[PDB]
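Novice: these are from a larger complex, still in place; more later:
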Amino acid sequence: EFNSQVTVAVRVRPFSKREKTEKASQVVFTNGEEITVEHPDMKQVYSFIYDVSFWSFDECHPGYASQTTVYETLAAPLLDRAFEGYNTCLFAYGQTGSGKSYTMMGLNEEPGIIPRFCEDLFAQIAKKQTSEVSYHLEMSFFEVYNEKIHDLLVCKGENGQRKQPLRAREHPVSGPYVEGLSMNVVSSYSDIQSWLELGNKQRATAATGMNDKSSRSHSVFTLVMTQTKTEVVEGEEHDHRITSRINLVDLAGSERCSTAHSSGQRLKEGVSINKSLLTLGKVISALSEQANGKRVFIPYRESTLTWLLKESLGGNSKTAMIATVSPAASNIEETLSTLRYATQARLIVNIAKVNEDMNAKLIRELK
């Protein structure tokens, strides 16, 4: 009966060193909810509406959306629903050097969404930690690189090459998953921060022409929260459990080989990123046409990313998209591709449900 719509949001980034050296023009203007793109040639103007818009272009102009603002507007509802008993997903999308990693992870003195999410989660837990409710939290953090899966939260052994790949499998009920994945327990913010540091140090980064710290890999942060609660029953208590999966996803960029001066491994990994975005795009185009009566088959098996995220793009999750765009005029068509895929993702509808861990057993038939 529920049909949860996907929460699309947009973030305009300020000018970069490259776009200031080449004195590129501003074309992405905002008025609040709406985002418009006045082409330089002045032959046509496009405009798009979204649930949420962020304008980090100027640190002084009114309407400046900060890390705390994007958090409190996007992630806090997802935290409320995750405590309610829903699965949640927040995934970034955009081009190279557009503010996806800065938006989600952030830097040391400019945190992104992930640390704030974990911090507020643990705060609400410590503030609701009664004997009525117990809380158990597991985390995983993994990487997709040249269609191979990798665990980020391990201390690699010394060798000429030490990256042990994992395999993806399909459980008939739970859906796709990764076999051999470290699921580490967490009690408070400190362990989370240490694991995040280890993961962001093990992640794949390189220096390319459009970002010196360009992530060469998709990154997924999974939190499994199990909250146990009681009901006065014929015997002992502690007989309700609610599980929730929170998937925070930072993806890479399209990376045109001409601008991004690339030869060898960068081309190779870059090409892999291009094949991962093409598949993802095709899955967001088929999910936006399957929510309009037309019947379509979503291709999730053509990429490990979309295969693992089968349950988030569709299926059972409350999901949100952060499109990242640059205001320069030298990237208009790529910004527009991002905005068109975001406006199509707006039309996605999922079926989110409470994970009472009791269906078909006894209280399903009570109900």
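Specialist: Nice, I can see it. Residues are numbered from 1 along each chain as shown, chains lettered A, B, ... in the order given.
Novice: so the residue nearest to residue A:363 when sequence neighbours are not counted, which of the three states?
Specialist: Residue nearest to residue A:363 in three dimensions, not counting chain neighbours: residue A:356, with 7.5 Å by CB to CB, 6 or more residues apart in numbering. From N, CA and C alone the C-beta is placed, and that goes for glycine too. At residue A:356 the chain is in coil, as set by DSSP: H, G, I helix; E, B strand; the rest coil.
Novice: doesn't residue A:85 make contact with residue A:356?
Specialist: Yes - using CB atoms under 8 Å, residue A:356 makes contact with residue A:85 at a distance of 7.1 Å.
Novice: settle it for me: which of the two has more neighbours?
Specialist: residue A:85 (18 against 15; other CB atoms under 10 Å).
Novice: pairing partners for whichever strand or helix holds residue A:90, with directions?
Specialist: Per DSSP states H and E, residue A:90 falls inside strand A:88-94. For strand A:88-94, the paired strands and their directions (DSSP bridges) read strand A:240-250 (parallel), strand A:318-325 (parallel).
Novice: next SSE downstream of it?
Specialist: Downstream of strand A:88-94, the next assigned helix or strand under DSSP H and E is helix A:100-104.
Novice: now that next one, how far from the centre of its chain.
Specialist: Chain-centre distance of helix A:100-104: 9 Å, with CA atoms, centre = their mean, to the nearest Å.
Novice: try stretch A:234-244
Specialist: The answer for stretch A:234-244 is 31 Å, by CA atoms, centre = their mean.
Novice: what sits in contact with each of residue A:356 and residue A:85?
Specialist: residue A:242 (CB atoms under 8 Å, 6 or more residues apart in numbering).
Novice: how about the strands paired with strand A:88-94 in CSV, adding mean neighbour count and distance to residue A:310?
Specialist: Shown next, in CSV, are those (neighbours: other CB atoms under 10 Å; distance: least, CB to CB, whole Å):
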stretch, mean neighbour count, distance to residue A:310
strand A:240-250, 21, 11
strand A:318-325, 25, 12
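Novice: adding distance to residue A:19, write those strands out as a markdown table.
Specialist: Converted to a markdown table, those look like this (distance: least, CB to CB, whole Å):
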| stretch | distance to residue A:19 |
| --- | --- |
| strand A:240-250 | 22 |
| strand A:318-325 | 12 |
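Novice: nearest to residue A:186, of those strands?
Specialist: Among these, the nearest to residue A:186 by CB to CB is strand A:240-250 (12.3 Å).
Novice: what residues of the next helix or strand after the closest one count as buried?
Specialist: Later in the chain than strand A:240-250, the nearest helix or strand by DSSP H and E is helix A:265-287. The neighbour-count check on helix A:265-287 (16 or more other CB atoms under 10 Å) flags A:266, A:269-270, A:272-274, A:276-277, A:279-287 as buried.
Novice: where's the residue of chain A most remote from its centre, which helix or strand?
Specialist: Ranked by distance from the centre of chain A (CA atoms, centre = their mean), the top residue is residue A:234, with 43.2 Å. With elements delineated by DSSP H and E, residue A:234 resides in a region that no helix or strand encompasses.
Novice: among the strands paired with strand A:88-94, which is nearest residue A:204?
Specialist: Using CB to CB, the strands paired with strand A:88-94 put strand A:240-250 closest to residue A:204, at 12.1 Å.
Novice: count the neighbours of residue A:362 for me.
Specialist: With other CB under 10 Å as criterion, residue A:362 counts 8.
Novice: just want the most central residue of chain A.
Specialist: Nearest to chain A centroid, counting by CA atoms, centre = their mean: residue A:91, 2.0 Å.
Novice: surely it and residue A:319 touch.
Specialist: Yes - in this structure, residue A:91 is within contact of residue A:319 by CB under 8 Å, at 7.2 Å.
Novice: put chain B on too:
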Amino acid sequence: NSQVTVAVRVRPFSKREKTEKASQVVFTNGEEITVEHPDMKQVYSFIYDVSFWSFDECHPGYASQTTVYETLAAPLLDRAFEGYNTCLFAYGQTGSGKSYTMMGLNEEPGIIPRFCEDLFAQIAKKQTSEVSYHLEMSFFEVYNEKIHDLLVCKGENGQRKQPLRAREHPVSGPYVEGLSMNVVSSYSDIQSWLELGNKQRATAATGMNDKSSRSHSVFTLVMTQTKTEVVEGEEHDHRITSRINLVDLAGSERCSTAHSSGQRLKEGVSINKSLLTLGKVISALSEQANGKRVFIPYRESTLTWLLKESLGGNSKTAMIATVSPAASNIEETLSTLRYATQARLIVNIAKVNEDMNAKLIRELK
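Specialist: Below, chain B sits with the chains from the block before:
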């Protein structure tokens, strides 16, 4: 016209099998003998007339020492005083607790002492100085189809086990030629002779324990009840003789699990043959009591031969089987339980033990 009163008696976990987490295989649901294979390959069911669930105290029906005596042995005493013969067989494997079930310990005593004390008490109560009761006793063993007396001390030799032979008196029935009969008046007089005889009984260290019986044991009480004559003349004219028999058989002992070594293979065969004959006799008597014409094979074993008159006519026969509830002794418990069933066994399987969430059907119905 009397069928056997077969009864079973499960024992509780001991120290070793409670420490080593040996799981329970024998359970109770009113039939009180259901065996769930630990792999749940088969669920057997062993309906019995009487059964004593001495597994854990908190269950209703914890059959204690007093319970088993007052239930199964005291009728044999009330019947002995009626002028009729009785036999009580004890069957169990090494470790089931047959000794603690029949004899008992200094605490929580057993069938033998309860029977003897109640006998002496009822005698002293019914005694009038016009009626009198006299008790003599004998104690022998059957070994490799041969007879031996247990109350005869032996001298200096390798060993002095002399064989006696059985003979049929045309009226008194079968008996042993050369058996020692000894008078008694109190339970110490019996306990002394028993602690003497169980030292000369046959025992050897086989594949099971070093103290495992390899011979059947018969303990016989002969009771003479004499009443006087009021018409005129001699007393000793109204005499009633009763025979109580307390037997202790050995184990079936399969050779597959115990590579018999020449002399441990001559005793297992004999025991296996005697148990088969005993089973045929009991099944034929049960079928007789339910209105059939059959023939009881007394003659295929010295045991049944000498116990003919105690296993036929107006006599009372009981058999108490002792079993363990551990999964370590499943092959032995099923053996003990199959040799005791005078009915049809019921084997089945269905994994309803764990319906996923508290009897799905109660609300899915």
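Novice: ok chain B is loaded, check the neighbour count of residue A:362 again?
Specialist: Neighbourhood size, residue A:362 [other CB atoms under 10 Å in any protein chain shown]: 17.
Novice: surely it meets residue B:355?
Specialist: No - checked against CB under 8 Å, the pair residue A:362 and residue B:355 is beyond contact range at 9.5 Å.
Novice: next, work out how far apart residue A:229 and chain B are.
Specialist: Applying CB to the nearest CB, to the nearest Å, the value for residue A:229 to chain B is 17 Å.
Novice: contact partners for whatever residue of the stretch 251-367 of chain A ends up closest to chain B?
Specialist: Closest contact between the stretch 251-367 of chain A and chain B, by CB to the nearest CB, is at residue A:361 (3.4 Å). The contact partners of residue A:361, taken as CB atoms under 8 Å, 6 or more residues apart in numbering or on different chains, are B:356, B:357, B:360.
Novice: part of a strand, is it?
Specialist: No - going by three-state DSSP, the assignment for residue A:361 is coil, not a strand.
Novice: got phi/psi on it?
Specialist: phi -90, psi -70 (degrees, to the nearest 10).
Novice: which bits of chain A sit near chain B?
Specialist: Selection of chain A residues close to chain B by CB under 8 Å from any CB of the partner chain yields A:358, A:360, A:361, A:362, A:365, A:366.
Novice: ok, 7 Å please
Specialist: Within chain A, the residues that sit near chain B (CB under 7 Å from any CB of the partner chain) are A:361, A:362, A:365, A:366.
Novice: can you tell me the closest non-neighbouring residue to the last one?
Specialist: The reference is to residue A:366. residue B:363 (5.9 Å; CB to CB, 6 or more residues apart in numbering or on different chains).
Novice: list the contacts for the residue of the stretch 1-150 of chain A found nearest chain B?
Specialist: Going by CB to the nearest CB, chain B is nearest to residue A:85 of the stretch 1-150 of chain A, at 18.8 Å. Residues in contact with residue A:85, defined by CB atoms under 7 Å, 6 or more residues apart in numbering or on different chains, are A:242, A:244, A:354, A:355.
Novice: just checking, the second one touches residue A:222?
Specialist: No - Residue A:244 lies out of contact with residue A:222 (CB atoms under 7 Å); the separation is 10.9 Å.
Novice: ok and the residue in the stretch 101-250 of chain A nearest chain B?
Specialist: Closest point on the stretch 101-250 of chain A to chain B, by CB to the nearest CB, is residue A:234, at 8.7 Å.
Novice: check which residues of stretch A:222-237 are buried.
Specialist: Going by neighbour count (16 or more other CB atoms under 10 Å in any protein chain shown), the buried part of stretch A:222-237 is A:222, A:223, A:225, A:227, A:228.
Novice: let's have the residues you listed in JSON lines, adding secondary structure.
Specialist: Converted to JSON lines, these look like this (three-state DSSP):
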{"residue": "A:222", "secondary structure": "strand"}
{"residue": "A:223", "secondary structure": "strand"}
{"residue": "A:225", "secondary structure": "strand"}
{"residue": "A:227", "secondary structure": "strand"}
{"residue": "A:228", "secondary structure": "strand"}
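Novice: what two of the residues you listed are the furthest from one another?
Specialist: The span of the buried residues of stretch A:222-237, defined through CB to CB, is set by A:222 and A:228 at 19.9 Å.
Novice: so which pair among the contacts of residue A:85 is furthest apart in space?
Specialist: Using CB to CB, the contacts of residue A:85 reach their maximum pairwise distance at A:244 and A:354, which is 9.4 Å.
Novice: can you pull the residues that touch both of the two?
Specialist: Contacts common to residue A:244 and residue A:354, judged by CB under 7 Å, 6+ apart, are A:85, A:86.
Novice: would you confirm that residue A:52 contacts residue A:73?
Specialist: Yes - counting by CB under 7 Å, residue A:52 touches residue A:73, with 5.9 Å between them.
Novice: neighbouring contacts of stretch A:166-180?
Specialist: Here stretch A:166-180 has contacts from A:142, A:149, A:150, A:151, A:181, A:304, A:307, A:308, A:310, A:311, using CB under 7 Å, 6+ apart.
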